[PDB]
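Both blocks below hold the same protein chain, though in two forms, and each is given as structure tokens: structure 1 and structure 2.
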Structure 1
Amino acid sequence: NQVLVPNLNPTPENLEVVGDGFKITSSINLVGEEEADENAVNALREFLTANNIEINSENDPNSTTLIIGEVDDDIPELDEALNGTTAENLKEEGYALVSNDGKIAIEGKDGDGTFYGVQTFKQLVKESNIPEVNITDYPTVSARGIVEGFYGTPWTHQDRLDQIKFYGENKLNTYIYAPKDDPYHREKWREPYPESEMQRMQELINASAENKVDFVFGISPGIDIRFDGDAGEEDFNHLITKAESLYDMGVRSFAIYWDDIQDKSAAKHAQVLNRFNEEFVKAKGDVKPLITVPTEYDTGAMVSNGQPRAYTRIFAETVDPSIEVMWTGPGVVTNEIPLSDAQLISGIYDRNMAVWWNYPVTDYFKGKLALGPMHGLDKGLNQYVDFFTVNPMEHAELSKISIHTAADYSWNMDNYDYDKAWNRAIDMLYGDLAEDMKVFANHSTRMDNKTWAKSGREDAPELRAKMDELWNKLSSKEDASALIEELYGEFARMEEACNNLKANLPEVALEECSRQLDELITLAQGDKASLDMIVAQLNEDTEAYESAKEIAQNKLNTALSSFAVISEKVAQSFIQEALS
């Protein structure tokens, strides 16, 4: 029978189904391996090994045939199997994939593209079966990735190697390495890596390249940099020396941060940029565009009554237009970047901008996990933005859910559906546990420290609606009891799911969310007690009510003084509501 197209992330620009599917044989003829991108071919080899698919050395016409290469390779049998499809006319990083009557063909516009075709290929195949499809695919935004920019417990080395492979698998191509643990990033910002630190950095650098990730080395000399006279000169050379020493280990992307600094003059920040850009970036000729974050980096701090402040205005004139400029949106952590905000800032800097989006980062509100999708990001932003990065959580495993959606948003922006993306993330990442994780993660999408920092999808919004509806039914004495029954079932479901997650989540996830699992179980029991209160009072029964009321205060006080935080406006607020 038919072979269905599995979930893919990101969603490819164009995918047509052309056959029923077929089973890839025990082993295959691989064609083009000698001409095609070395990293694409190694990804392919690893996948084939991990799935017990051998490679014939002698062509066997009984065996499935896999042909891989770039446009700029001369592989006639690739064009033959593509049978009309082509990557020739796509942007950079695009590719074409055709799977049909026993052949798979992958043609990248460039090697990045080819590597990305392999990542699609990997997603399409299940228990050796592939659908017969026809894909041409390319990204909306051209830098797409992560900045390691949060505070708190930095990621381990093993976390980073895991993330980088993950970024490659979801077609993210940028990783800004600016950890606050690392002295060689800020304090000690002059000063090459020791010797004891070189083997670690080298592994980060090489893993990145192997997965088509731009390892951007982030530097932050605001701590103590001198701009004037001999000191200015000496420090500029320390900057150059430092970048040379990283150039020498393989680094070909650099970012310079001015976000925390004493001497706060735009003209001086932009001169150090412009000179580095000339004397280093351009001189080397294989270094990617320099990146910077300026001292004013949110619309709040950058603009006043539609007019740039002094800093921004000066920085914006002075700074070379080849330089990439990061800004976080309307504020540092904000609901939205609407098109008008992008336009405004893009206009001022007179260029396509770079986004530093502070979600899912939780460093400002550590008890809550941010497990929701990219949200409030206007689906036309690519008109003014061609570099998009997320600042994730200290919790690397669970950051994968938001990051997975950032991958769809930034690759295929027209078609981005936050809720569809959110479900696909959980489905793809959590397997046999996805339905349970969805129940739980549903209550942990929304960030709000109640001062300055608010972003993300509202928690569990269907359930909020049923809770509001229950209060209307009660307070205009209409019948409520179908709903009450329905809500007993929801709260039971919450508890069931979180218990199943505690029992079955692998440690790598469990250990980042177990406090919250417990917290949501508690609030769920208090929610259950809160309906017990409502039933008791509608049956005028003080015994059952004062008993239930005690149980509900009990769960609320546990949650209120636990470190963990979750479902503040839904599962937690329901209990507060019932007790008033």
Structure 2
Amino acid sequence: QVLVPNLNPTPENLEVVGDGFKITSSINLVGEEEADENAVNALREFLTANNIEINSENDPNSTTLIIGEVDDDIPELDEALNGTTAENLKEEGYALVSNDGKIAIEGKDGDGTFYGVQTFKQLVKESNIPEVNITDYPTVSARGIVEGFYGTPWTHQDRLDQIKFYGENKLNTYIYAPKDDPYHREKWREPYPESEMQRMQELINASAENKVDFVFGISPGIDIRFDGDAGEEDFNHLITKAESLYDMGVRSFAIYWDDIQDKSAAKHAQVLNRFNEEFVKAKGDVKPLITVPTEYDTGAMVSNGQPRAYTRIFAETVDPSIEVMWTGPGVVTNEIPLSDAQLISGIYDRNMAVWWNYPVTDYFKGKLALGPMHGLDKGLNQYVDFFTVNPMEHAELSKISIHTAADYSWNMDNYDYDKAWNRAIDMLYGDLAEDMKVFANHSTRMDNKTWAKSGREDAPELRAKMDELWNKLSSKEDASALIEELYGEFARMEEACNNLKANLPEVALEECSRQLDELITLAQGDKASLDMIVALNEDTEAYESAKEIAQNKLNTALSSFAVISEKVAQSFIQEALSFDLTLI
């Protein structure tokens, strides 16, 4: 009576200054004429979807909804806001106040109005709203996804659905750069045939409608020629390419030099500098060029606190107005500490862009990455102004991690990874949220066992409980209470997974059915591992029997393509098998 609903992102400023109130079958619409075009179509769609009519003219008594910019200049808006303004905020900023009856939305620019609507959309529940005073704006100005992974590229529907999802969580950047789109890279010189072109146009259109900058990436580095007529012919292919995507409405571009053998720092930068001049600037309404250098992680870029040969020359040749992306201290790493970003930003003498390789799983596909942004410094905004994550080829399940990235990048300072993660699953899964948390909590840590690792540890509280069990048994202390609690945990893993199998929407189930079965198998080996232990009671029969099962469950898990809970549910079984409790 009446609480604020989960919001994503977390708005900069929000306080309850009322009990909230129901919105009528019919509201008062004021401002649609002036307000941002896209912010309004998003309103009408929400309004439609929710059995909420727009008054052909006033009252009664209707709930009063008022919307527009600050340029735009309306009377009801100001009285409505009644103290609050979006006049002194960054681009994409807005204000929202729901005053008993009244609902006021003004953004600084069209962008912020649209976002103000998104926050409205999330605030209303049943027609009920809370009374609140909101001023909101992003920490980082560019926030989004780079579809840059290896593997089957997102389908065309996948992409439209992501692009909508991005609008609703205030992410504003989508970089188009699938490694295995032949035309992005393997055949970069070549024009998209007619029907990809048709499909490409809808991406673009859909993106503008959701205030998403659609960025067109190209990766010519495997075979591009730099010198003489060969270089002219090739640089022209780049133009031809960008032009066609310009002539479709694209006003951002990226040119990527990652994962190639040719380390011609000077030549790469010169291609970029040429494009900045001949395309970007000659066009006037194209956003800054974005690039990744062939050295794109601190280990590859730096030695002894100083740039390496390639990075040094790249840094000094490439135009200041160009956004350079780096991945952090490693290609797939635990963290980006402030000190890493300071270092990299120093070398390029600019605010940097991040290409963050999580939740992407192309380098270890058996595992789904279902955790929150983790390990990224909460003061990164000091040196970084462009933050994107590289997602899984699994579009739907990627949403959980992307959800958290939206809150990290929009409200960096207050970002809490555990709360963000919970919110994300709550917001995305509804009645299934609790069961989905159980499962996903075991699938957050990525680790290919060699060079690639990132993410929150899997099921950390269970892992500490397993640790305590071993400490009490090696000490020869009574552990029956804990043993009993772990039975409940393992039983609850299997219960949740079964509920997920039978009730998940198909769009999500098809991405995780194998991993669901993997956690069920381990939960059963976990349970059999406990029996193995209780069998303490010098019962050799029950011991051999629970042992062959624990061992079979483990072996099934080890053999299976799906990977989950390596250091927790799976490891517990190997820990239990090696705990020799038969000694006298």
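Numbers given to residues start at 1 and step along the sequence of structure 1. Heads up, when I say rigid core I mean the largest set of C-alphas that superpose within 1.5 Å between the two forms.
message: Can you tell me which of these residues, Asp320, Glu92, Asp181, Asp417, is the one whose C-alpha shifts by at least 2 angstroms between structures 1 and 2 after a rigid core fit?
response: The one that shifts is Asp181.
query: With the core lined up, does the C-alpha of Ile261 move 2 Å or more between structures 1 and 2?
result: Where the cores coincide, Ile261 still shows a C-alpha shift between structures 1 and 2 that is 2 Å or more.
query: Quick one: once the rigid core is lined up, does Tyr138 have its C-alpha move by 2 Å or more between structures 1 and 2?
result: No, the C-alpha position differs by under 2 Å between structures 1 and 2.
- request: Superpose the two forms on their rigid core, then report whether the C-alpha of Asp448 is displaced by 2 angstroms or more between structures 1 and 2.
  value: No: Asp448 shifts by under 2 Å between structures 1 and 2.
message: Core superposed first, then measure: what is the displacement of the CA of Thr65 between structures 1 and 2, in Å?
response: Reported C-alpha shift between structures 1 and 2: 1.2 Å at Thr65.
message: Rigid core superposed, I'd like the Cα shift of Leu82 between structures 1 and 2 in Å.
response: On core superposition, this C-alpha lies 0.6 Å from its counterpart.
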